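Here's the structure we're looking at; comments come further down.
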Amino acid sequence: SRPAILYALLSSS
Amino acid sequence: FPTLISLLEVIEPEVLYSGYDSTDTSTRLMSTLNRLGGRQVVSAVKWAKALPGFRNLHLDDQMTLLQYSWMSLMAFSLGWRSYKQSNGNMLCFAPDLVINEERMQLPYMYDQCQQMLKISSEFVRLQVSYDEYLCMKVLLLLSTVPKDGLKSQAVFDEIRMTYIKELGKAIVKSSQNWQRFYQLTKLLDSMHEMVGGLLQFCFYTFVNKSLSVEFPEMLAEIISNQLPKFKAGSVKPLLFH
Ligand SMILES: C[C@@H]1C[C@H]2[C@@H]3CCC4=CC(=O)C=C[C@]4(C)[C@@]3(F)[C@@H](O)C[C@]2(C)[C@@]1(O)C(=O)CO
Ligand SMILES: C[C@@H]1C[C@H]2[C@@H]3CCC4=CC(=O)C=C[C@]4(C)[C@@]3(F)[C@@H](O)C[C@]2(C)[C@@]1(O)C(=O)CO
């Protein structure tokens, strides 16, 4: 599982 | 209208206050650095989103570049600060949380604390200009990649030289535009190596539960993920020399 927060910031939606 | 270098100048995130309760156990202090470091890194993410050309790398290379370069960034920034603010003398993580010689005497700190200063030391040796600084800082993000490169290889490739271009420009402000590049790309080299230390420690402190060292959600997520990837040593430091 690549990191939750870091991801969401880059992707959004 | 406008220069990218000036765009760089504007996006650079504001210095952060640590909120440190400065009345001094060395577990606490490092726990705090971590708390601070989390937001610092959150700030570097917006800063990434608003780098020109970053959005059209591939989400994975975005994650990846950040995840691998993140310490490299924070340590670099910390060098710049510690340069500007005590001209090399002290580590200035936040205006409120400064490490004088005295706080290095603290249990486990010194080791790391000396190799953070080394980074500041290099700003002092080269007398780096703020424009020069920003430029590398960007590069440092694009300097820590897998051994088997990127999920959108081409795109990166151009960008990298783009910002190297910009570093030219920066020293252009004679017979320097290839000459000073040596002194300064030599730094971009020696980073990978000096980060190596801090990066490790950090790792040690992370998995070693029984130290009581506290790391915040953000960073946990990334360290705990970047851990195995760095176990393999499957990470390519792109240099110049
Ligand atoms: C527009 C020109 C072309 C520029 C060069 C473009 C290509 C290049 C490739 C390299 O392997 C390293 C840097 C260089 C060699 C360069 F990016 C800089 O050095 C600055 C440069 C010479 C320039 O800015 C100068 O006139 C320098 O005096
Ligand atoms: C020496 C290592 C590397 C350290 C980091 C070095 C870079 C940095 C600069 C800052 O201004 C904010 C926090 C960070 C991002 C950091 F200072 C803290 O997080 C604590 C840290 C991980 C460390 O002290 C630990 O491993 C503590 O567990």
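Heads up, the Cβs are rebuilt from the backbone with ideal geometry, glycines too, and the neighbour counts pull from every protein chain shown. Nothing in this text is a laboratory measurement; each read-out follows from the coordinates by a stated rule.
Filter the range B:41-81 for residues that are in a helix (DSSP H, G or I), more than 13 Å from chain A (Cβ to nearest Cβ), farther than 16 Å from B:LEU198 by Cα and of a type outside the set (A, V, I, L, M, F, W, C) and give the result. Let's see the steps before the verdict.
In the first step, residues of the range B:41-81 are kept if they are in a helix (DSSP H, G or I); the result is B:41-49, B:59-81.
Retained after the next criterion (residues that are more than 13 Å from chain A (Cβ to nearest Cβ)): B:71-81.
Restricting the remaining residues to those that are farther than 16 Å from B:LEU198 by Cα gives B:80-81.
Once the filter is applied, which keeps residues that are in a helix (DSSP H, G or I), more than 13 Å from chain A (Cβ to nearest Cβ), farther than 16 Å from B:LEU198 by Cα and of a type outside the set (A, V, I, L, M, F, W, C), the range B:41-81 yields only B:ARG81.
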Practice task
Could you tell me whether any residue of the range B:150-163 is among the hydrophobic types (A, V, I, L, M, F, W, C), outside any helix (DSSP H, G or I) and closer than 22 Å to B:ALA48 by Cα?
Solution key: yes
Exercise for the section: Take the residues in the range B:12-41 that are among the aliphatic types (A, V, I, L, M) and in contact with a helix residue (DSSP H, G or I) (Cβ under 6 Å, 6 or more places away or on another chain), then tell me which one is nearest to B:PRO216 (Cα to Cα). Expected result: B:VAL41
Practice task
Check whether at least one residue in the range B:38-55 is surrounded by 17 or more Cβ atoms within 10 Å (Cβ to Cβ) and more than 16 Å from ligand 2 (Cβ to nearest atom), and report yes or no.
Solution key: yes
Practice task
Within the range B:187-214, count every residue that is more than 26 Å from B:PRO52 (Cβ to Cβ), more than 14 Å from chain A (Cβ to nearest Cβ) and either within 16 Å of ligand 1 (Cβ to nearest atom) or not small (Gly, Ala, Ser) (or both).
Solution key: 16
Problem - All positions within the range B:1-26 that are touching a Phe, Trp or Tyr at 6+ places or on another chain (Cβ under 9 Å), over 30 Å from B:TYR163 (Cα atoms) and either among the charged types (D, E, K, R) or not in a loop (DSSP other than H, G, I, E, B) (or both) - result: B:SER26
Exercise for the section: Identify, by number, the condition in (1) surrounded by fewer than 14 Cβ atoms within 10 Å (Cβ to Cβ); (2) within 16 Å of ligand 2 (Cβ to nearest atom); (3) within 17 Å of B:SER69 (Cβ to Cβ) that B:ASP157 doesn't meet. Expected result: (2)
